[PDB]
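Student: Would you mind keeping the following structure in view while I ask a few things?
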Amino acid sequence: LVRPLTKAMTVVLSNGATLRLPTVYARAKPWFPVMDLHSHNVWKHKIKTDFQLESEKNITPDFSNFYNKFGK
Amino acid sequence: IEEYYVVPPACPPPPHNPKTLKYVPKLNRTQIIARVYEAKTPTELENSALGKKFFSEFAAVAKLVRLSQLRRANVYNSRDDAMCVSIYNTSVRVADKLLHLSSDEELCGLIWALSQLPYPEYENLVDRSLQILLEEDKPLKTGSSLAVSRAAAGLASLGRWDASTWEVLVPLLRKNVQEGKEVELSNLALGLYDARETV
Amino acid sequence: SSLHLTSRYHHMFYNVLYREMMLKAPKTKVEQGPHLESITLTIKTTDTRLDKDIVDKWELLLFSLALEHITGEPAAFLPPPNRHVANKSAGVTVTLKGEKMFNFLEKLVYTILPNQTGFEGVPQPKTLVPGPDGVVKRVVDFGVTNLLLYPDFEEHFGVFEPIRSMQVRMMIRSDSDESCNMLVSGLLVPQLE
Amino acid sequence: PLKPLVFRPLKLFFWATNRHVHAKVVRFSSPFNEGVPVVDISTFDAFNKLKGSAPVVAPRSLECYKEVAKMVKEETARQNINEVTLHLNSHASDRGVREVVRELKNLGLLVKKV
RNA sequence: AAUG
RNA sequence: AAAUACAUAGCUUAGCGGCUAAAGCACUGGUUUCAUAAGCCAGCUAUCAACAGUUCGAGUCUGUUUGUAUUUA
RNA sequence: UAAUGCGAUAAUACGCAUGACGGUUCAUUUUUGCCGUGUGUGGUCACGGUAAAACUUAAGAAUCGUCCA
RNA sequence: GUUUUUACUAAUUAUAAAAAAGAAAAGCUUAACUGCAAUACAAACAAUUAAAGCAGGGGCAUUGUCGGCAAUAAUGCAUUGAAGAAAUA
Ligand SMILES: [Mg+2]
Ligand SMILES: [Mg+2]
Ligand SMILES: [Mg+2]
Ligand SMILES: [Mg+2]
C-alpha cells in the first residue's frame with residue numbers, strides 16, 4: 001500500500017550522452033547498456049540523399065567474396 | 001473473449017449537389033464592416049460577425065470601436081453588461097493572434113477603442129500596436145487624418161507622452177486643424193498634450 | 001534533492017512532438033489529435049514457471065513485487081474467476097498514467113527493448129468496441145520476454161530468478177489508425193509492417 | 001425505500017456550476033405557492049470582495065468557500081434565523097458545497113438534513 | 001504332456 | 001394412448017456431483033513348443049443413447065426427441 | 001441558465017464561444033380510420049375516447065458538423 | 001440494526017421496484033426487545049394483513065432511525081403431554 005522511493009541513476013549511451021533514469025536502488029557507477037537505440041539497426045531513419053540513391057542504382061556484380069576461401 | 005469494432009466509412013457529399021436552395025449572398029470585408037457598425041444593441045453587435053470566416057482581425061477592431069460608442073451613449077442593465085463583457089473578451093483575444101495582419105488604420109482604431117473602454121487591458125495589445133507603428137513612416141504616410149487623430153487622442157488619454165512620437169504628431173495635428181479635418185480630436189489631443197507640457 | 005521527480009518524455013510530448021503531429025495531420029480543433037491514455041502491465045500464470053491456471057496469492061507475491069520494482073507503484077491481484085473461488089487468483093496487474101507512464105516508456109525503449117533478441121516492431125493497433133461514451137480507442141499489444149535486463153533485479157539475483165516475461169498494452173485515442181502509427185513513431189517505437 | 005416528504009418553512013439550496021457555487025435560503029408558506037428568497041450569496045460576490053484585499057486564485061477556492069459561509073452566517077443572524085434544513089440533491093455532494101456546509105456548522109448555524 |  | 005424400469009470400448013459388466021473411469025473376455029506384440037492349442041509377460045481401446053437446462057463443475061440431477069422391456073385398454 | 005455549457009493533464013486562472021447553412025432526436029378536436037358503452041332483424045342509430053395502437057403540414061428547442069455560401 | 005466513503009447500479013422461480021435509493025468496502029452493535037395501542041384493508045365465521053402514537057431498557061448517530069430480512073410463498077385450530085418461573089392451598 002506504500003509506494004517505494006524512486007532514485008536517479010546515470011546511464012551512458014554509445015554516443016557518450018548521459019540520461020538520468022528512475023531506479024529503486026542507488027548505483028554510484030554509471031551503467032553501460034550493451035545496446036542502445038543508436039547502436040541498434042532497427043532504430044535508423046530511412047531518409048536517404050541523392051548520392052546514396054545513385055550508389056544503389058549503379059551496382060556491378062562482385063563474386064570475390066565467394067572465391068576468397070578457395071584462394072586461401 | 002474480446003470483440004472488435006469496425007468504424008463505418010465516412011460519407012462524402014456528392015458533387016454538384018447544392019448545399020442549400022436558399023439565397024445566401026456572398027459577403028466581402030466592406031459589407032461585414034458596414035453590418036458591424038450598423039448595430040444598436042449589444043446582442044446585435046455580438047451576432048454581427050461570428051465564425052472564423054467573418055470574425056477576422058478587421059471585424060474584431062470594428063466591434064471594439066462600435067462597443068465604445070454604444071457604451072458611452074447608452075446605459076445598460078445586468079444582462080446587457082454581461083453581453084458587453086463577452087464581446088470585449090473575445091475581440092481582444094482574436095486581435096492577440098492576428099495582430100500582425102492588421103493595417104495602419106485598424107491599429108490606430110484599436111488604440112483609441114482600448115483607451116475608451118473601461119475593462120482591463122489585455123496582455124500587451126497597446127504596446128505591440130505602438131511597436132508596429134513606431135517606424136515613424138506609417139504615421140507620416142497616413143493620408144487619412146482620422147487615423148492620426150485617433151492615435152494621438154488615444155495615447156494622450158493613456159498618458160504615454162512619448163517624446164519622439166508626439167514631436168512627429170504635433171506638426172501633423174496642426175496641419176489637420178488648419179485643413180479643418182478631425183478638428184475635435186486633433187484639438188482635444190493638442191490640448192491634453194499642452195496641459196501635460198505645462199504640468 | 002538528488003531524486004528523480006521530473007519526466008523527460010512528458011516535456012517532449014507536449015512541447016515538441018504535439019506541434020509536429022498538428023502540422024502533419026491538420027484538424028479543426030486543437031484537442032483533436034493523437035493522445036496516449038494509459039499503459040497496462042500484466043503478468044499471468046502462463047508467463048511464469050508455475051504450471052496452473054489458478055494459483056494461490058502467496059505464490060504470486062514475488063511477481064507482484066517484481067512489477068513494483070519495474071513501475072514504482074504497487075500492483076494488484078486479478079479478480080477471482082468466480083465467486084466460489086476466493087483465495088486464489090490468476091495473475092497480477094498494474095496501470096499507469098501521466099508522468100509515471102512516460103517515465104516507464106522512456107526506460108523501456110531506450111535500454112530494454114534494444115537488448116531483446118527477437119524484436120523488429122510492435123504489432124498494428126486493434127480497434128475496440130466503443131463504450132457508453134461512444135469514443136473509439138485503439139490498443140497496441142506486445143510482450144517483453146526477458147525481464148532480467150533491467151538493472152534493478154541484480155541486488156537479489158536468487159530472489160528474482162523466476163521472473164521470466166511480461167505483457168504490455170497501450171491505449172491510444174485518435175481519429176484513424178494512421179494517426180495511431182504517427183504517434184507511435186513519434187514515441188520512437190518501431191512498428192512491424 | 002424513499003422516505004415520505006416533510007414540509008419545512010426554511011430550506012437551504014445549493015447550485016454548483018462549472019465556475020461558481022450559489023447558496024440560497026427560501027421561506028415557504030405551503031408547497032403549492034412560490035417561496036421568498038431571503039439570502040442569495042455566491043462565490044462571485046466573495047471573489048470580488050477578497051480580491052481587492054487578499055489575492056485569491058479563482059472563485060472555486062477554499063478561501064472563497066469559507067468567505068461565502070461567513071457572509072451567509074451574517075445575513076441569517078441579522079434576520080434572526082438560526083436553524084435551516086438542507087435540500088439534498090446531486091449538487092449537494094460537490095466538494096465545494098461540502099466545504100461551505102462544514103464552515104457554516106462551525107460558525108454556529110444549525111443545519112439539519114432530516 | 002490335448003492335437004497333427 | 002396410459003404406468004413402472006433401462007440405453008455405459010469390439011461384448012458382458014463398475015460408477016450415480018471434485019476432473020471424464022474399475023474387472024473380466026476379445027484384439028495387438030513378446031515368451032514357451034518341431035509347429036498349433038492351453039499357460040506366462042507386457043500393451044490398446046478420448047470408455048459414458050441424442051438435444052436443451054440447473055450448478056463454480058454433471059456419466060451422475062431436471063425436461064424433450066428417439067429405441068427396449070413390463071403392466072393396463 | 002454567459003455567475004451557462006463542453007474539454008483529450010480536465011482540475012478550471014486557460015481553450016472553444018450567443019449568428020448563419022446542413023443533417024439527426026423530440027392547427028376549424030390537423031382529419032380519417034379504429035375502439036368502448038347504449039339501443040338494435042345482425043347497423044340509413046346516438047354519444048364519448050384514442051396523454052393506449054395506424055395516419056398531415058409546420059414552427060421551434062437540444063446536441064453534432066462546418067474559414068460561411 | 002445503524003453511521004462514513006464512491007471510477008459501481010446488479011440479482012432472484014418470475015417481474016419496466018428503487019438515485020438521497022441500493023450494492024459493495026470499513027467501524028461499532030443485538031430493536032431477530034418488555035407492557036400497550038387510535039384507525040383501516042380484507043372477510044360467512046375462525047383466524048390472516050398494514051399501522052401513527054404512549055411508557056421502560058438499549059444500539060448507531062447527535063437528534064434521525066431500529067418492534068428482523070426490497071416486496072408478493074417457506075405452513076397447522078382445540079385437546080393431550082412436557083419445560084422455566086411465579087401465587088395460593
Ligand atoms: Mg480337433
Ligand atoms: Mg372477523
Ligand atoms: Mg434515540
Ligand atoms: Mg425493518
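Please note that chains go A, B, ... in the order of the C-alpha cells, that every chain numbers its residues from 1, and that ligands are numbered from 1 in the order shown.
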Please, which residues have at least one atom within 12 Å of an atom of ligand 3, using only C-alpha atoms (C1' of nucleotides) and all ligand atoms, listed as an MDAnalysis selection string?
Tutor: chainID H and resid 2 31 58:66
Student: How would the residues just chosen look if you wrote them out with C-alpha atoms (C1' of nucleotides) as a PDB file, in the first residue's frame?
Tutor:
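To be explicit, this is the file written out as again_17.pdb:
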```
ATOM      1  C1'   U H   2     -27.115   1.878  12.328  1.00  0.00           C
ATOM      2  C1'   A H  31     -34.814  -3.418  18.257  1.00  0.00           C
ATOM      3  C1'   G H  58     -30.964  -0.359  24.766  1.00  0.00           C
ATOM      4  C1'   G H  59     -27.891   0.218  19.616  1.00  0.00           C
ATOM      5  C1'   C H  60     -25.627   3.558  15.931  1.00  0.00           C
ATOM      6  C1'   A H  61     -25.734   8.731  15.046  1.00  0.00           C
ATOM      7  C1'   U H  62     -26.120  13.566  17.556  1.00  0.00           C
ATOM      8  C1'   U H  63     -31.465  14.422  17.154  1.00  0.00           C
ATOM      9  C1'   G H  64     -32.798  10.864  12.867  1.00  0.00           C
ATOM     10  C1'   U H  65     -33.783   5.757  12.636  1.00  0.00           C
ATOM     11  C1'   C H  66     -34.251   0.423  14.670  1.00  0.00           C
TER      12        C H  66
END
```
Student: What's around residue 2 (chain E) at 12 Å? Count only C-alpha atoms (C1' of nucleotides), leave out sequence neighbours fewer than 4 positions away in its own chain, and write the answer as an MDAnalysis selection string.
Tutor: chainID F and resid 36:38
Student: List every residue of region 6-95 of chain D that DSSP, applied to the backbone of this structure, places in alpha helix (DSSP H), and write the result as a PyMOL selection string.
Tutor: chain D and resi 43-53+62-78+95
Student: Take the residues that were just selected and, keeping C-alpha atoms, output them as a JSON list (two decimals), in the first residue's frame.
Tutor:
```json
[["chain", "number", "residue", "atom", "x", "y", "z"],
["D", 43, "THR", "CA", -18.68, 32.74, -4.72],
["D", 44, "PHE", "CA", -18.88, 35.52, -7.32],
["D", 45, "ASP", "CA", -19.57, 38.04, -4.54],
["D", 46, "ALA", "CA", -16.81, 36.61, -2.34],
["D", 47, "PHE", "CA", -14.27, 36.76, -5.17],
["D", 48, "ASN", "CA", -14.96, 40.45, -5.81],
["D", 49, "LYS", "CA", -14.61, 41.17, -2.08],
["D", 50, "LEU", "CA", -11.45, 39.22, -1.25],
["D", 51, "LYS", "CA", -9.58, 40.00, -4.47],
["D", 52, "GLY", "CA", -9.43, 43.69, -3.56],
["D", 53, "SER", "CA", -7.86, 42.97, -0.16],
["D", 62, "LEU", "CA", -11.08, 27.22, -0.22],
["D", 63, "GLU", "CA", -10.75, 30.89, 0.71],
["D", 64, "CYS", "CA", -13.92, 31.80, -1.20],
["D", 65, "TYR", "CA", -15.85, 28.82, 0.17],
["D", 66, "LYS", "CA", -15.19, 29.98, 3.74],
["D", 67, "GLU", "CA", -16.00, 33.58, 2.78],
["D", 68, "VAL", "CA", -19.37, 32.55, 1.35],
["D", 69, "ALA", "CA", -20.21, 30.67, 4.55],
["D", 70, "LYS", "CA", -19.31, 33.71, 6.66],
["D", 71, "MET", "CA", -21.50, 36.03, 4.58],
["D", 72, "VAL", "CA", -24.41, 33.59, 4.84],
["D", 73, "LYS", "CA", -24.00, 33.44, 8.62],
["D", 74, "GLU", "CA", -24.20, 37.23, 8.95],
["D", 75, "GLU", "CA", -27.39, 37.54, 6.89],
["D", 76, "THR", "CA", -29.17, 34.77, 8.81],
["D", 77, "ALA", "CA", -28.09, 36.25, 12.15],
["D", 78, "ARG", "CA", -29.37, 39.70, 11.19],
["D", 95, "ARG", "CA", -16.62, 19.22, -2.77]]
```
Student: Within 7 Å of chain D, which residues belong to chain H? Use only C-alpha atoms (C1' of nucleotides) and report them as a PDB file with N, CA and C atoms (P, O5', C5', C4', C3', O3' and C1' of nucleotides), in the first residue's frame.
Tutor:
```pdb
ATOM      1  P     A H  18     -38.804   2.222 -10.501  1.00  0.00           P
ATOM      2  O5'   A H  18     -37.878   2.757  -9.323  1.00  0.00           O
ATOM      3  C5'   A H  18     -38.442   3.383  -8.182  1.00  0.00           C
ATOM      4  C4'   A H  18     -37.517   3.304  -6.995  1.00  0.00           C
ATOM      5  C3'   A H  18     -36.112   3.840  -7.213  1.00  0.00           C
ATOM      6  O3'   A H  18     -36.037   5.249  -7.103  1.00  0.00           O
ATOM      7  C1'   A H  18     -35.993   1.733  -6.154  1.00  0.00           C
ATOM      8  P     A H  20     -32.968  11.346  -5.644  1.00  0.00           P
ATOM      9  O5'   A H  20     -32.929  11.298  -4.051  1.00  0.00           O
ATOM     10  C5'   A H  20     -33.628  10.287  -3.332  1.00  0.00           C
ATOM     11  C4'   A H  20     -32.864   9.837  -2.110  1.00  0.00           C
ATOM     12  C3'   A H  20     -33.258  10.523  -0.804  1.00  0.00           C
ATOM     13  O3'   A H  20     -33.083   9.618   0.286  1.00  0.00           O
ATOM     14  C1'   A H  20     -30.993  10.976  -1.269  1.00  0.00           C
ATOM     15  P     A H  21     -34.289   8.669   0.760  1.00  0.00           P
ATOM     16  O5'   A H  21     -34.152   7.379  -0.163  1.00  0.00           O
ATOM     17  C5'   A H  21     -33.112   6.434   0.046  1.00  0.00           C
ATOM     18  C4'   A H  21     -33.144   5.342  -0.993  1.00  0.00           C
ATOM     19  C3'   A H  21     -32.146   4.210  -0.810  1.00  0.00           C
ATOM     20  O3'   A H  21     -32.568   3.239   0.130  1.00  0.00           O
ATOM     21  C1'   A H  21     -32.086   4.947  -3.050  1.00  0.00           C
ATOM     22  P     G H  64     -34.660  15.043  14.230  1.00  0.00           P
ATOM     23  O5'   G H  64     -35.221  13.581  13.931  1.00  0.00           O
ATOM     24  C5'   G H  64     -35.558  13.176  12.612  1.00  0.00           C
ATOM     25  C4'   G H  64     -34.629  12.104  12.105  1.00  0.00           C
ATOM     26  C3'   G H  64     -35.087  10.670  12.299  1.00  0.00           C
ATOM     27  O3'   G H  64     -36.063  10.267  11.356  1.00  0.00           O
ATOM     28  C1'   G H  64     -32.798  10.864  12.867  1.00  0.00           C
TER      29        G H  64
END
```
Student: Give me, as a PyMOL selection string, the set of residues whose atoms come within 10 Å of any atom of ligand 2, counting only C-alpha atoms (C1' of nucleotides) and all ligand atoms.
Tutor: chain H and resi 42-48
Student: Neighbours of ligand 4 at 9 Å or closer, counting only C-alpha atoms (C1' of nucleotides) and all ligand atoms: which residues, as a list in words?
Tutor: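 Selection of residues at most 9 Å from ligand 4: residues 1, 66, 67, 68 and 69 of chain H.
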Student: Check the DSSP output for the backbone and give back, as a PyMOL selection string, the residues of region 13-179 of chain C in strand (DSSP E or B).
Tutor: chain C and resi 35-44+55-56+76-77+88-89+91-96+122+126-128+138-144+166-173
Student: Pick out the residues sitting within 12 Å of residue 1 (chain F), and hand them over as a list in words; count only C-alpha atoms (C1' of nucleotides), and ignore anything fewer than 2 positions along from it in its own chain.
Tutor: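 Here the answer would be residues 3, 72 and 73 of chain F.
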Student: Leaving out residue 32 (chain C) and any residue of its chain fewer than 3 positions from it, which residues lie within 12 Å of it when counting only C-alpha atoms (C1' of nucleotides), given as a list in words?
Tutor: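 Using only C-alpha atoms (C1' of nucleotides), the neighbours found are residues 18, 21, 22, 25, 26, 27, 28, 29, 35, 173, 174, 175, 176 and 179 of chain C; 7 and 8 of chain G.
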Student: With a distance cut-off of 12 Å and only C-alpha atoms (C1' of nucleotides), select the neighbouring residues of residue 17 (chain A), excluding the residue or stretch itself and same-chain residues fewer than 6 positions from it, and output the selection as a VMD selection string.
Tutor: chain A and resid 10 to 11 30 32 36 38
Student: So the first atom is CA of residue 111 (chain D) and the second is CA of residue 19 (chain D); what is the distance between them in Å, to one decimal place?
Tutor: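 Between CA of residue 111 (chain D) and CA of residue 19 (chain D) the gap is 24.9 Å.
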Student: Can you work out which residues from chain G touch chain B at a cut-off of 8 Å (counting only C-alpha atoms (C1' of nucleotides)) and hand them back as a PyMOL selection string?
Tutor: chain G and resi 2+17-19+21-22+67-69
Student: What's the 12 Å shell around residue 117 (chain B), counting only C-alpha atoms (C1' of nucleotides), without same-chain residues fewer than 2 positions away, as number ranges by chain?
Tutor: B: 63-72, 84-85, 87-89, 92, 110-115, 119-122, 154, 157-158
